[PDB]
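Residue numbers (the entry's author numbering), protein chains in the order written: chain H, 1 to 105; chain D, 512 to 550, 567 to 664; chain E, 512 to 550, 567 to 664; chain M, 1 to 97; chain A, 33 to 128, 192 to 300, 325 to 397, 412 to 460, 464 to 503; chain G, 1 to 52, 52A, 53 to 82, 82A to 82C, 83 to 100, 100A to 100E, 101 to 110.
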Ligand SMILES: *[C@@H]1O[C@H](CO)[C@@H](O[C@@H]2O[C@H](CO)[C@@H](O[C@@H]3O[C@H](CO[C@H]4O[C@H](CO[C@H]5O[C@H](CO)[C@@H](O)[C@H](O)[C@@H]5O)[C@@H](O)[C@H](O[C@H]5O[C@H](CO)[C@@H](O)[C@H](O)[C@@H]5O)[C@@H]4O)[C@@H](O)[C@H](O[C@H]4O[C@H](CO)[C@@H](O)[C@H](O)[C@@H]4O)[C@@H]3O)[C@H](O)[C@H]2NC(C)=O)[C@H](O)[C@H]1NC(C)=O
């Protein structure tokens, strides 16, 4: 299959910081990755589709860049509601696999 | 990405979609324009069947226009009429990729009959009356 | 002499003009054949929609009969059936420049079904099923 | 500017006509825009003005496009510029006692 | 270089003024006197209404220039002229400032007929659609972004009433205030409720003495939400006063409604009395027989009521409020009487559009 | 408004079958493809399969091929997931997710249900 590695596995930061989280794909996937946020006990909600475009309803402080196998999610200023688990998942080829998950605290 | 095939959005759907995407699914809409199927004194069909006849008549009226700007291989054909500058002079990158059909007909509704009369008369009296001269030899 | 352009005779106005002059004004008669639009005892809701149903059933049958003798780019079309010379033998200057349509029907009305059988059969079993041999390669 | 004069203690008449012969929405207010009386289709409503016990309108002329105003027992303090809103028209009429 | 091409079947609609039919769900066997008319003009409904939902369209809805409330006003007049036939009617004629008016006396047979409302739909013929606004915080006019195309609507119960909205449609999120123009002082402010205010209203075993109980705490918290919503449009510092009425006819100075064919006129003086700044109420109803008509100008007197206790519980779902603009605090007294405004509260989010599936666009084709 | 509603939690013995239903509200069910995703307790997200509600066509991962089956019903706008031959590894939360589906291909999963806990 295609394996997604997310770095770092656990990140620690304060309120108001700028953070960057890297998704690395084992194969060439073009720009077909999506970025999701999950609170414990609740369903994940989408932030980024097409690896650069913002979902409607998501605030503008989030961004995502990258190409090929190298992919970054960037939060410009951390808010207390933004402290959750972040995922990357692709759709270039079957089967679909999700990332390992990045918990921020 | 991966795919499974196209979908069915419904009657009058994709009105907010782009021009080239909404022009793909005219068959589903045109089939629903005719609808059909359906299957004391107690005569309410005097209203109800009335409505059915009206719907059929409406189709023939539209068919009459599409029968007389003569293609009859419907949902797409072409004519030989060039455009005029007073009828929403826009370029292709304005007109085909970035607006819906609602915003197109919202500005072409001023110029309905002035193009419909020209399409009525010009090719239908000019593509005619010349193949008879071509049938002389 | 001096001219300004064509005029408007109206509904059934070509019964007194020549057939060659009547050929340009077929379309304005063909538009309002079905007319359209229109918009406890039961009148105007029964015994009047029967008139609309009869008009629609006449118009669809005439349009189907025109579509069988396959032209479908209607109001003028040609056919590869030869004309029999025994059926009111006249010259082209006599018919198309000096005669009306009604007097022509007055002479040709004895041969209507003999026209309709040949037009109904001969082309559409001879124009078709030779393209079946033409599209072999 | 129509001006209507009235006597003290009598009944004074104030007319307000429509463009056509149809009963439409109409309102009678004063210069400080407190309502005297308006309509609600087939019904009549009195406003919060001080003429509430003495203002009246005739119901049968409403089909003729006439929306009158009857003020019985006229006092000197009732002399004011009265506005009738009829069909987005502001017919302003001056009343003297 | 580019040639015009025609297209048949493009999703294009225009604003029309067509005539719809009803198609309600009747039983065609009862004598409820709604179901006689509800079969007389209505075909039975469909079991599967379609709910096709659009994606990117934004459409301008309008409330007070809508062309569905006149279609309401025609057939509800046609229904009330057959269902409840009164005994004696007095309608002035006034055949043509030099005019005199005479009144007639039309007398017909007046049996005692059952009367309970039946929810009805309004459905369109082929070639039309009804756009419906799905915004939970709709102002009333202007744009709606979540426009959905609908064959036909939900059940509207035609309850003739004044001063309130009885058995209406509940709001989605919060209390809504809908007005054509605030600070105009001449148009009825329609207010919808987000919760049903339950009320019992009965005549028990003098026959013209009916008592009408409404809960105190639920009404108090409902008008707490209401006076919370009126402070949004008025500077968040004004005092709000609710008066009872200001003169007028008995059908507008009192809460006038119907119950089993009985014509109820309940006083609401103790129901609107509080002043707001920064267990059960009984209503003294009087059953009358000589009433005024809303369909036309005139009088109508009816048969004496039947014997026995009469029961009708109902859900209060809205308000017709009217400002008293003076020269500070704000006075808001209840009003109504205009039935076009009575059924504008349930037809506020619908629009009838006519389809025109014949367009033209430039492309690069030939022959 | 656009929401997916799932069924309640279900506890089953190994070797049995489990059926979970997902109903759509607020959008046209025949126009968007539907994904199924499972999360193990304390673990990440595992994708399962995805279905067209219109044609009834399915696409299933090869690891669970022939064991999980996905069906639809357009009359009540509900999709059904059947997971047969249960082990203790299949315990987790099952989620139905609406594909955004731009350009007739997979884009992203934006509308997610409340979940079904299967033990
Ligand atoms: C309701 O409204 C919404 C909102 O308006 C609407 O949503 C939009 O729908 C359109 C559908 O056409 C979407 O457009 C699609 O976008 C696809 C993704 O493209 C991205 O990537 C492009 C580059 O990728 C190429 O290159 C990289 C290397 O760099 C490579 O790895 C990739 O594999 C790939 O080869 C990029 O160009 C693109 O756009 C950026 O750049 C353009 C440059 O002009 C700029 O204008 C943009 O602003 C942006 O910066 C984007 O980043 C795309 O693949 C897809 O293309 C297909 O269709 C087009 C049809 O024109 C064909 O020409 C093409 O060959 C493909 O077949 C398509 O263009 C759009 O993203 C949606 N969102 C928004 C916000 O607009 C809904 O559709 C409406 N309707 C409904 C029913 O909901």
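Here a beta-carbon is modelled for each residue, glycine too, at the ideal position from N, C-alpha and C.
For residue 101 (chain G), the first and last residue of its enclosing alpha helix (DSSP H): Run containing residue 101 (chain G): none in the alpha helix (DSSP H); it sits in the beta strand (DSSP E), 100E to 103.
Residues within the segment 33 to 51 of chain G neighbouring chain D, beta-carbon criterion of under 9 Å: 33, 50 and 51
Between the CA atoms of residue 523 (chain E) and residue 626 (chain E) - distance to the nearest angstrom: 16 Å
Neighbourhood of residue 17 (chain H) by C-beta distance below 6 Å, restricted to the same chain and skipping five residues each side: 78
Beta-carbon separation (whole angstroms), residue 471 (chain A) vs residue 478 (chain A), contact threshold 8 Å: Not quite, the Cβ-Cβ distance comes to about 11 Å (not below 8 Å), so this is no contact.
Buried versus exposed, by CB contacts within 10 Å (16 or more), residue 496 (chain A): buried
Contact list for residue 70 (chain G) against chain A, beta-carbon separation under 8 Å: Those do not exist, as residue 70 (chain G) stays about 20 Å from chain A at its closest Cβ, beyond 8 Å.
Among A:110, A:242 and A:90, nearest to residue 1 (chain G) - alpha-carbon criterion: A:242
Residue 46 (chain A) - partner residues in DSSP beta bridges: A:490
Pick from D:607, D:660 and D:587 that is closest to residue 646 (chain D), judged by C-alpha positions: D:607
N- and C-terminal bounds of the beta strand (DSSP E) containing residue 90 (chain H): 85 to 90
C-alpha distance - residue 67 (chain H) paired with residue 512 (chain D), whole-angstrom precision: 15 Å
Residue 124 (chain A), DSSP secondary structure in three states: strand
Length of the line joining the Cα atoms of residue 45 (chain H) and residue 56 (chain H): 12 Å
Chain A within 8 Å of residue 518 (chain D), Cβ atoms only: no
Distance between residue 356 (chain A) and residue 396 (chain A) (C-alpha atoms, nearest Å): 8 Å
Three-state secondary structure (DSSP) of residue 596 (chain D): coil
Chain-ordered neighbours of residue 230 (chain A) on chain M, where CB pairs are closer than 7 Å: Simply none; closest approach about 28 Å.
Same chain, Cβ closer than 6 Å to residue 46 (chain G), five either side skipped, listed in chain order: 38
Segment contact flag, the segment 15 to 24 of chain G with the segment 246 to 253 of chain A, C-beta cutoff 8 Å, min 3 pairs: no
Chain-ordered neighbours of residue 36 (chain H) on chain D, where CB pairs are closer than 7 Å: The contacting residues do not exist; residue 36 (chain H) stays about 17 Å from chain D at best.
Simplified DSSP assignment, three categories, for residue 200 (chain A): coil
Minimum C-alpha distance to residue 420 (chain A) - residue among A:437, A:466, A:266 and A:284: A:437
Chain M contact residues for residue 445 (chain A), given Cβ-Cβ distances below 8 Å: Per Cβ cutoff of 8 Å: no residues; residue 445 (chain A) is ~24 Å from chain M at best.
Contact test: residue 31 (chain H) Cβ vs ligand 1 heavy atom, cutoff 7 Å: yes
Run of the beta strand (DSSP E) containing residue 225 (chain A), from where it starts to where it stops: 223 to 228
Short Cβ contact (8 Å threshold) for residue 150 (chain A) with residue 120 (chain A): Coordinates for residue 150 (chain A) are absent, as chain A skips straight from 128 to 192.
Under 8 Å by beta carbon: chain G residues contacting residue 55 (chain H): 100D and 101
Which of helix, strand or coil DSSP assigns to residue 652 (chain E): helix
Whole-number beta carbon distance between residue 48 (chain A) and residue 489 (chain A), since they are thought to touch under 8 Å: 7 Å
Residues near residue 492 (chain A) by beta carbon distance below 8 Å, same chain, minus five either side: 44, 45 and 46
Proximity of residue 67 (chain G) and residue 48 (chain G) at Cβ, strictly below 8 Å: yes
Nearest-angstrom beta carbon gap, residue 332 (chain A) and residue 294 (chain A) [assumed within contact, 8 Å]: 7 Å
Any non-hydrogen atom of ligand 1 closer than 7 Å to residue 90 (chain A) Cβ: no
Residue 619 (chain D) (DSSP reduced to helix, strand or coil): helix
Local Cβ density within 10 Å of residue 1 (chain H), reported as buried at 16 or more and exposed below that: exposed
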